């Protein structure tokens, strides 16, 4: 399947990015005590990798939703000038450039 191959490529490029490090695994409670009382829909790149493997991403829309959720969680939780927020905006720019380069559409 060509969608799977394209999404796998985009996701791995995102994961290899220097600004992806905060988003690689679920936020640990020890890193942010009470995070899971605040953030209703946690998401991270490890979870997305498994979802990709399990053939969840049958559309661009589903893939976009999860990656975008990584960023919105980060911006909802963290101050605008925090390193985490800064990484989210850098990685989001990159993400959208990868979507465009792949020609990924609905």
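Take the two forms, find the largest set of C-alpha atoms that superpose within 1.5 Å, and that set is the rigid core. Numbering follows the first chain given and starts at 1.
Each structure in 6 other deposited structures of this protein is fitted to the shown form on the rigid core, and of 33 to 41 and 55 to 63 the C-alphas lie farther away on average for 33 to 41.
In 6 other deposited structures of this protein, superposed on the rigid core, the segment with the larger root-mean-square CA displacement between 45 to 53 and 22 to 30 is 22 to 30. Checked against the record, the higher mean CA B factor of 22 to 30 and 37 to 45 lies with 37 to 45.
In this entry, the higher average B-factor at the C-alpha atoms falls on 5 to 13, of the pair 83 to 91 and 5 to 13. In the PDB entry, a CA B factor belonging to the highest third of its chain's modelled residues is recorded for residue 56. Annotation for residue 62: CA B-factor lies in the highest third of the chain's modelled residues.
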